[PDB]
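Take a look at this one chain, the form deposited in one PDB entry, written out in structure tokens.
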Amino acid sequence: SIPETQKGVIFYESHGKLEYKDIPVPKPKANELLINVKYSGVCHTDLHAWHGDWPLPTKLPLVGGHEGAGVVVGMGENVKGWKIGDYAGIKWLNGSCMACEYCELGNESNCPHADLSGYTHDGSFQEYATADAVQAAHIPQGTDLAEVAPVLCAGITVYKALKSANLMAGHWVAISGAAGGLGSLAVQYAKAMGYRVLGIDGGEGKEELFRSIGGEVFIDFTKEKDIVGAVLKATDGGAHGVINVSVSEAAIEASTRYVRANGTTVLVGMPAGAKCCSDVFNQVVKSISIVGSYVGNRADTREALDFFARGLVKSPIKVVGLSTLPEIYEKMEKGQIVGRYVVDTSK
């Protein structure tokens, strides 16, 4: 059954060298459960955990990775709603104290004692990884653990963002960055939730991919010069809600100018030092909200995975082996990324 040693990609100092080597198998605490992580997505947050450029101190030595779909192989003692052989998911937020005000309200991510898998907890870039039983995702049985792994971070983040834009069905939503990664998952979640997706991206074959996943209007930010005017025209007044899955400060600032009066602008990405300099007079005189959206609680996880489990959203991935890390890390530092990159822990 559970071995005494597994193979993980561990690094010992910030921005250091990633070693795919044998490490011990963790011991599930009385609240945690052990997960034979089958696959695990890789995303920019793993770069930011590697470098350590974010304020929160990173635990070291660290097995990064926070989008890990796997099988429950043995649990803790108080673990209640879980069985062995159940599929589980390691998300960004591994666990919280569940006694603080935020955990009680539902926003466990704002917990001061938040355990961030792959940042301050042994993440999912290993074969066997532990995850708090309360927060682990209840991936249904029979789902492709390869495809759901990117949905564990990008899908749950964009489901929360589209629920944070206070949109109603039929309302225009403008996904700034609407093809690739968070953008395409946001387009599919918005289309499944009822909204009328407008997309703002550019490059080769972006518009046909966008139309394929069910987008309504596509503003090519290369061909088109005035994006704000194009969005105000296509939406007939402005997008009812904007989802800024593009961390560039210019796009973020522009999204406050094509969002409808009384419309919401959700910021999803976490840049290093970006600022949302928005004209205060225009934001006041048009009653525009500029919301920020973090990972999303257990209800948003349940509902995003339930959208996935109906074939409504699909995550085209590229599966590689766990040993291909850190070629993915060094490839991601430059910008040679396309879609989502899943790693298989066995390979």
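Start at 1 and count along the sequence shown; that's the residue number. Between two forms, the rigid core is the largest collection of C-alphas that superpose within 1.5 Å.
FYI, the form deposited in another entry isn't displayed, but the following is about it.
Residue shifts between this form and the one not shown, rigid core superposed: of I227, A114, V72, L145, the only C-alpha displaced by 2 Å or more belongs to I227. Once the cores line up, the CA of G269 ends up less than 2 angstroms apart between this form and the one not shown.
Relative to the superposed rigid core, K160 undergoes a CA displacement smaller than 2 Å between this form and the one not shown. In this overlay on the rigid core, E207 has a C-alpha that sits 2 Å or more away from its partner position between this form and the one not shown.
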